[PDB]
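**Student:** Pasting a structure below so you can have a look.
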Ligand code: HEM
Ligand code: HEM
Ligand code: HEM
Ligand SMILES: [Zn+2]
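Protein chains in written order, with the entry's author numbering: chain M, 41 to 527; chain F, 7 to 122; chain Q, 75 to 148; chain O, 2 to 295; chain C, 198 to 246; chain N, 50 to 504; chain W, 15 to 46.
Spelled out as structure tokens, the structure:
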């Protein structure tokens, strides 16, 4: 009388699903003998072997550093100047960026058209960019053709010629570039956050500067800026790939001679008008935008602060989450799990920025207008949890992730050269991989708690928000969420 | 110990009584698992096929209607009833095993019960 | 012309001006006080604690015994 | 947002209604202190309820024992004078605060649409306060107490056809004796809870239609959460009120009353000056001014 | 007040049933179907009282 | 605790001795597992190892039943297996600190994983598990299908990929015509058991290559043989066929500009190494740009199209010239994005350029030299980034059964000449025009009107 | 985490005992 499971399509479906479940119930050890999802430390000392980065200091004060690997076939040669938009004078804000744009063009013999023709004829690339307090002009080239690239860099950095018609054309181009940046909302958010956090300080002003100032260059400001800030002690030449240190040193010595001898040293320049964090907020409500993008930030650590590594670990254990992330609801960080499980945000990203004598540390969320209060609760909860109740497995996972991220990012010739120059400018030396790993391994739960108490516990925050933000909690909400009354 | 109706007369009588009751109301033993009760049953039902879950809802509605009317299933369908032909225990076990693993190593609960 | 609320969106400045009619702004370099405030709040808080203890004890001791009963205790 | 795992306790169902209506209720950003007066009236009601309960732990509703029982509370009970002075002067401050509440409403025309229901429930609340304070003032059973009860109950005879019947039924026995005393004690104990219910309905209707502001304009542009912004303002109001009420309790406790209520009720003689408490005086003046008691 | 909180919690999760099963498939409104049932209960209680 | 302020070396470290400054150039070892599988590796100096598993499967092997399995498989790459749950897999990857990626192309598709060189057994074991033993659960597949439907709903934002797919579908018939982005009907039809059957039928040993970038060959083979040697030996069913004859695809969308693209056949394919290299050099000569970039010299601003069109014709949003080469077939052409009113003139200009390269004498020796040097530079600067090295190993072994040494590509690019360029352009222009248009297409010329040229 | 949790619980217990003594000052219990 009772029907068999063959009939009753629901009985058939139940049988099929039960068969599949009983299929996947028995694991296998030969595919599980190495997994160990619980994180643990390891000593990669047997692996961290890289060629020595030879450093030389020409007596005019010029540092040249190379990491040669003569088995390769390409190379990257560049100049890393310790100057940027921070070192302006409140009326020449856009000078650094505009000088970049101009210095691409022409010299007493380069003739921008035929200069770019030469660059593209040898097959290489030539790029540049300016940060708040760092400037880079680098070129990627091949073996036996490095010297031409080095000569071109020296020529453009020393004997550049600025002509009025090209200056007008670049004024037009930079006004267009300013008009296209507001589409990129993340950069706008971070510019506003910098302005409202380091207000009344040289770090507050943007990189591009104001259009009213870009319209009044006249090339006298350009020449004055280059002669006052591109001095010999503040520059570093870096090379990787198939290069020879002695050849590079000889070429730099023979070429970089018409420099700007001066005394404006960035250390003394930062001694005056330092960077001062001021807790505040700016919130630009629109309600015509589909997504609300905001960022909260605490005061960070300087480049040389020994707690910078701890802050890097902490921003690794608040790792970024994305709506197309592979992990999804399963991730190491508690903040990513909270965001993904309850789907309260389109994407979150924790950032750690380091400057001289200051820095930043935040979470950069981007969500929908209705989940903002829950998202803010999640962010503040996880940060103050880092203050109070950090866990050993989380710390170990964060340290492993940080080591892996750094060593995987250093990949190629241009990344190696960029690492050499940036580290030489920030610390005065290039930190070896073994020492970097030792410093990271010196971070444990007690270290994380101490650093978070130093930087997060009951400290002012700076908020920058844009879009439909009616539901975003006010300043007092975040300010009170920076501590727990339970402990 | 593990006492089954083959090796226990008392268990045989217990199973017989449960079969009689469920057949009277015409609903499988797994249909008694309340999704609001555990929230693991809620997930297991969320993972099951729609045909199976719809059959479960139909059987439950029939049982509730019979309960209101103060009557039992007619003897034909009562003889056609198949209690203890499970459809949920394997999925529930999988869900609980996954939850146990996630809790055991790090991890936040994928779902939680409101207060209250 | 520029609607003057997108000008502020497109032109972030490091010199931000607040109202300063009800509250004078500290000069930028000065630190956040954050301690004077908590100590003022603490003084008021233990004033409140004193008040609450007074009220509770008044009610309970009122519900306690009485002078005429204590006199008749013999 | 799917609430899979719980973020905050305040958004949990146990504290969700409380969260909304106490912490997260949007409020106009420009409110002055008279909204604090409304909250202060609520606090005065709670104070009255608590002190009244602890007073009723010692009051005997009999005609032969009420006055001496109150003197018992003042002299023998441990800290009983504080309870009695708090109850009496708290009735006075309750009426002061409610009057300021009402007059702010009149000034800013808060009675206008859509808060007609709020205003009407307020009028009902005011009636309940009047009745409660009157029947409570009858309780101590002094000269003013007894004679005010007599007069105010006997003016109910003005009803055309059923006036005398209502007067006799409310009196319970041709006078204002022991039966009326017990009746009034029970009613005085009961009414404050109906007053609490009326206050809750008052607040619910207001919360439906938001809250007015000193400008009278639409105010959904600039609104802030009630906590902590208006909790601290209300706290300043509460502390100032506590100082005022402490001035009244400890230094001038009998100024807001009449000395005739310290004489035991004697229905034979009549005090030369029969007036209600100061907060019934405007109504008494209107009624006395228009002659022909009907 | 405690009775009102009791009823509020129950209404949060809904009432049980003799079978003890999930019962969001077959449900009816309170009035008038259970009003008359409770009326029969009240009148029987009134006779007892 | 005290720390040395990070501008001073940290106390006592056991930092090791550096590499010998031009140690050597590692060779690729390839071992053929007797069931028919390939395991290849090479040594790298950097502390990072990239390990990938590449399969000869994709849209070409799709079937009317599947029709979308490749895209779904890319989305369902590292999900729960019969031995580990998805949570366990993600926790393992995070624990060692590596990155997982999946790529799905028309002809072949791969799964790659990156981590430090210490974790080689973990990398290879997790990869082999996730490929060989997948458990396509209905709920996970449904989640990924929902995401894929949303992505299909957000497709128009990039007209270039849409036009590439359109050109392939229009100008091929069966195999290469099989779509890559899983239309909505196919998405609704797709299912977990369908994925299971497709994988079990296609993911077989004689079409699997495991390529490592910075891993010792002995270690890799010693950890991979106990995980792949027992796969069944199958007879490697033949590759699908596809003919080129094809015409026009036209789709109307928003009012912002029109995107027109043209393409041709060049039937050489990757097995015709000389023609593939000549096609790459021709692409690097043609190239172009988007007229909105502000990077700097070297990005091809002196290419022929860039110079002529962009420096001469304005109101043309972007102008590029591209190619796509599959085993035994090719597809080279020009992408144009311009204003709706200009579109017929834009088509005329693109045809003029494509015929200009064909006729002899119109390409200068200097331009050819620049193109050859740029191609050599692009290849060389691409063979850094060990991820690219491992991918190249895998793809080359899948195609040719070996790794063709870089010197062959360099020599071919060296020896290409103007006669070769002209002959290849003449051959490529003879094949029937394939045309696609997207946007305000109600004003672009007809396919036959455009095809009046080129012949 | 357990040492920190028990330390915090003990601190809250000390605070609770201090509040209890403040509410009910008992030298009668304090002296012995
Ligand atoms: C038991 C005494 C009373 C209590 C506890 C009480 C309580 C409150 C509360 C809590 C509010 C909201 C907060 C505020 O706006 O101040 C309010 C508002 C209001 N009440 Fe009352 N109230 C009382 C008596 C009255 C009376 C007698 C009236 C007038 C008949 C009245 C009329 C109003 C009005 C019009 C508002 C609207 C406030 C506004 O417009 O902003 N209330 N009351
Ligand atoms: C349920 C709560 C209340 C109880 C149990 C209560 C109880 C009492 C008792 C027993 C007395 C007589 C004690 C005495 O003579 O001092 C009294 C007096 C009084 N009550 Fe209340 N009461 C309550 C609430 C209120 C409220 C809300 C008001 C209104 C403001 C009020 C107004 C008065 C007045 C005016 C007196 C006479 C004051 C006097 O003794 O001179 N009571 N109450
Ligand atoms: C003042 C006395 C009480 C009143 C007025 C009261 C009122 C109610 C009401 C109105 C319901 C909803 C109707 C119903 O389900 O019968 C209910 C349900 C319920 N009450 Fe009470 N109750 C009281 C005492 C208790 C006590 C003492 C308990 C147990 C400690 C209790 C436990 C329950 C339970 C468990 C339900 C849920 C009924 C269900 O299964 O659906 N009640 N109560
Ligand atoms: Zn620029």
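Built from N, CA and C at the ideal position, the CB exists for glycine as well.
When Cβ atoms are compared, which residues of the stretch 83–96 of chain M fall closer than 7 Å to chain N?
**Tutor:** Residues 84, 85, 87, 88, 89, 90, 91, 92.
**Student:** Should residue 82 of chain O go down as buried or exposed, given a rule of 16 or more other Cβ atoms within 10 Å for buried?
**Tutor:** If you number the fourth chain from 1, residue 82 of chain O lands on position 81. The residue in question, residue 82 of chain O, is exposed, as its Cβ has fewer than 16 Cβ neighbours within 10 Å.
**Student:** Just the C-alpha distance for residue 206 of chain C and residue 212 of chain C, rounded to the nearest angstrom, thanks.
**Tutor:** The residue labelled residue 206 of chain C in the question sits at position 9 within the fifth chain. The residue labelled residue 212 of chain C in the question sits at position 15 within the fifth chain. About 10 Å.
**Student:** Write down every uninterrupted run of the alpha helix (DSSP H) in the stretch 121–180 of chain M whose length is 4 residues or greater and which is fully enclosed by it, in chain order.
**Tutor:** Those alpha helix (DSSP H) runs which fall completely within the stretch 121–180 of chain M and span 4+ residues are 135–143, 152–161.
**Student:** Where does residue 114 of chain M fall in DSSP's three states?
**Tutor:** Here residue 114 of chain M is taken as the residue at index 74 of the first chain, counted from 1. In the structure shown, residue 114 of chain M sits in a strand (DSSP, three-state: E or B).
**Student:** Near residue 22 of chain O, which residues of its chain fall below 7 Å by C-beta distance, leaving aside the five closest residues on each side in sequence?
**Tutor:** What you label residue 22 of chain O is simply residue 21 of the fourth chain in a count that begins at 1. If we look at residue 22 of chain O and ignore the five residues flanking it on each side, its Cβ neighbours are 208.
**Student:** Could you give the first and the last residue of the continuous beta strand (DSSP E) run that contains residue 333 of chain M?
**Tutor:** Within the first chain, residue 333 of chain M is the residue found at index 293, counting from 1. Per DSSP, residue 333 of chain M belongs to the beta strand (DSSP E) from 332–339.
**Student:** How would you write the range of the alpha helix (DSSP H) that residue 80 of chain N sits in, first residue to last?
**Tutor:** By one-based count along the sixth chain, residue 80 of chain N stands at place 31. Segment 78–82 is the beta strand (DSSP E) holding residue 80 of chain N; no alpha helix (DSSP H) there.
**Student:** With a CB to CB cut of under 6 Å and the five nearest residues on each side skipped, what residues in its chain are close to residue 102 of chain N?
**Tutor:** Start at 1 with the first residue of the sixth chain, and residue 102 of chain N comes out as number 53. Here the set comprises 160, 176, 180, 259.
**Student:** Residues of chain F with CB closer than 8 Å to the CB of residue 140 of chain N, please, in chain order.
**Tutor:** To locate residue 140 of chain N, count along the sixth chain from 1; it is residue 91. Near residue 140 of chain N (Cβ distances below 8 Å), the residues of chain F are 111, 112.
**Student:** Quick one: Cα of residue 292 of chain M to Cα of residue 487 of chain M, how far?
**Tutor:** Position 252 of the first chain, counted from the first residue, corresponds to residue 292 of chain M. Position 447 of the first chain, counted from the first residue, corresponds to residue 487 of chain M. Answer to the nearest angstrom: the Cα atoms are 44 Å apart.
**Student:** Could you tell me which of M/240, M/467, M/281, M/366 sits nearest to residue 66 of chain Q, measuring between CA atoms?
**Tutor:** Outside the displayed range of chain Q (75 to 148) lies residue 66 of chain Q, so it cannot be described from this structure.
**Student:** By the three-class DSSP mapping on this structure, what secondary structure does residue 143 of chain O have?
**Tutor:** Against the fourth chain, residue 143 of chain O aligns to sequence position 142. Residue 143 of chain O: strand per DSSP, three-state reduction.
**Student:** Assess contact between the stretch 45–52 of chain M and the stretch 431–440 of chain M, defined as three or more Cβ pairs (one per stretch) separated by less than 8 Å. Is contact present?
**Tutor:** Judged by Cβ distances under 8 Å, the stretch 45–52 of chain M makes no contact with the stretch 431–440 of chain M, as fewer than three pairs qualify.
**Student:** DSSP puts residue 183 of chain N in a beta bridge; with which residues?
**Tutor:** On the sixth chain, position 134 is the one that residue 183 of chain N refers to. Beta-bridge pairing links residue 183 of chain N to N/130.
**Student:** Taking 7 Å as the threshold (C-beta atoms), are residue 328 of chain N and residue 382 of chain N in contact?
**Tutor:** Walking along the sixth chain from the start, residue 382 of chain N turns up at place 333. Walking along the sixth chain from the start, residue 328 of chain N turns up at place 279. Cβ atoms of residue 382 of chain N and residue 328 of chain N: not closer than 7 Å.
**Student:** Please confirm if residue 368 of chain N has its CB atom under 7 Å from at least one CB of chain M.
**Tutor:** Position 319 of the sixth chain, counting from 1, holds the residue named residue 368 of chain N. Answer no: the Cβ-Cβ gap between residue 368 of chain N and chain M never drops below 7 Å.
**Student:** Starting from residue 134 of chain N, find everything on chain F with Cβ-Cβ shorter than 8 Å and list it in chain order.
**Tutor:** Here residue 134 of chain N refers to the residue found at position 85 of the sixth chain. The answer, in chain order, is 104, 107.
**Student:** If you follow the beta strand (DSSP E) that residue 393 of chain M is in, where does it begin and where does it stop?
**Tutor:** Your numbering for residue 393 of chain M matches position 353 in the first chain. Element bounds for residue 393 of chain M: 391–394.
**Student:** Is any beta-carbon of chain M found at less than 7 Å from that of residue 279 of chain N?
**Tutor:** Counted from its first residue, the sixth chain places residue 279 of chain N at position 230. Cβ-Cβ to chain M under 7 Å: no for residue 279 of chain N.
**Student:** Pick out every residue whose C-beta is nearer than 6 Å to a heavy atom of ligand 1: which are they, in chain order?
**Tutor:** Listed along the chain, these residues meet the criterion: O/36, O/39, O/40, O/42, O/43, O/46, O/99, O/102, O/103, O/106, O/111, O/112, O/116, O/119, O/120, O/123, O/124, O/126, O/127, O/200, O/203, O/204, O/207, O/212, O/213.
**Student:** Would you say residue 222 of chain M touches ligand 4, meaning its beta carbon is less than 6 Å from a heavy atom?
**Tutor:** Position 182 of the first chain, counting from 1, holds the residue named residue 222 of chain M. No, the beta carbon of residue 222 of chain M sits no closer than 6 Å to any heavy atom of ligand 4.
**Student:** Please go through the stretch 400–441 of chain M and give each complete alpha helix (DSSP H) segment of 4 or more residues, from N-terminal end onward.
**Tutor:** Correct list: 412–428.
**Student:** For residue 227 of chain N, tell me which candidate among N/154, N/301, N/413 has the shortest Cα-Cα distance.
**Tutor:** Against the sixth chain, residue 227 of chain N aligns to sequence position 178. Of the listed residues, the one whose Cα sits closest to residue 227 of chain N is N/154.
**Student:** Could you tell me the alpha carbon to alpha carbon distance between residue 283 of chain N and residue 254 of chain N, rounded to whole angstroms?
**Tutor:** Here the question's residue 283 of chain N lines up with position 234 in the sixth chain. Here the question's residue 254 of chain N lines up with position 205 in the sixth chain. Using only the alpha carbons, I get a separation of about 7 Å.
**Student:** Are the C-beta of residue 221 of chain O and some C-beta of chain F separated by less than 7 Å?
**Tutor:** Position 220 of the fourth chain, counted from the start, is the residue given in the question as residue 221 of chain O. Taking Cβ atoms only, chain F never reaches closer than 7 Å to residue 221 of chain O, which makes this a no.
**Student:** Rounded to whole angstroms, how far is the Cβ of residue 118 of chain M from the Cβ of residue 178 of chain M, which I believe are closer than 8 Å?
**Tutor:** Mapped onto the first chain, residue 118 of chain M falls at position 78. Mapped onto the first chain, residue 178 of chain M falls at position 138. Right, their Cβ atoms sit about 3 Å apart.
**Student:** Check residue 493 of chain N in the structure and name its three-state DSSP category.
**Tutor:** On the sixth chain, residue 493 of chain N is found 444 positions in, with the first residue counted as 1. Coil at residue 493 of chain N, not helix or strand.
**Student:** Name the chain F residues that come within less than 7 Å of residue 47 of chain M, Cβ to Cβ?
**Tutor:** Counted from its first residue, the first chain places residue 47 of chain M at position 7. By Cβ distance, chain F contributes nothing, its closest Cβ being about 11 Å from residue 47 of chain M, past 7 Å.
**Student:** Under 9 Å between beta-carbons, which chain W residues line up against residue 169 of chain M? List them in chain order, please.
**Tutor:** For the purposes of this step, residue 169 of chain M is taken as residue 129 along the first chain, with counting starting at 1. Those within 9 Å of residue 169 of chain M in chain W number zero; the least Cβ separation is about 45 Å.
**Student:** Could you tell me which chain Q residues have their CB closer than 9 Å to the CB of residue 231 of chain M, listed as they occur along the chain?
**Tutor:** Locating residue 231 of chain M in the first chain gives position 191, counting from the first residue. Those are 86, listed as they occur along chain Q.
**Student:** So, at 8 Å on beta carbons, what are the nonlocal neighbours of residue 364 of chain N in its own chain, with the 5 sequence-adjacent residues on each side left out?
**Tutor:** To locate residue 364 of chain N, count along the sixth chain from 1; it is residue 315. 387, 388, 391.
**Student:** For the beta strand (DSSP E) containing residue 267 of chain M, name the first residue and the last one.
**Tutor:** By 1-based counting over the first chain, the position of residue 267 of chain M is 227. Per DSSP, residue 267 of chain M belongs to no beta strand (DSSP E); it is in the alpha helix (DSSP H), 260–269.
**Student:** For residue 53 of chain F, return the contacting residues in chain N, with the cut-off set at a CB-CB distance below 7 Å.
**Tutor:** Residue mapping note: residue 53 of chain F aligns to position 47 of the second chain, counting from 1. 188, listed in chain order.
**Student:** Ligand 4 and residue 156 of chain N: does any heavy atom of the ligand fall closer than 6 Å to the residue's C-beta?
**Tutor:** Mapped onto the sixth chain, residue 156 of chain N falls at position 107. Result no, Cβ not under 6 Å from ligand 4.
**Student:** Would you check if the distance between the CB atom of residue 146 of chain N and the CB atom of residue 235 of chain N is smaller than 7 Å?
**Tutor:** By one-based count along the sixth chain, residue 146 of chain N stands at place 97. By one-based count along the sixth chain, residue 235 of chain N stands at place 186. Contact: no.
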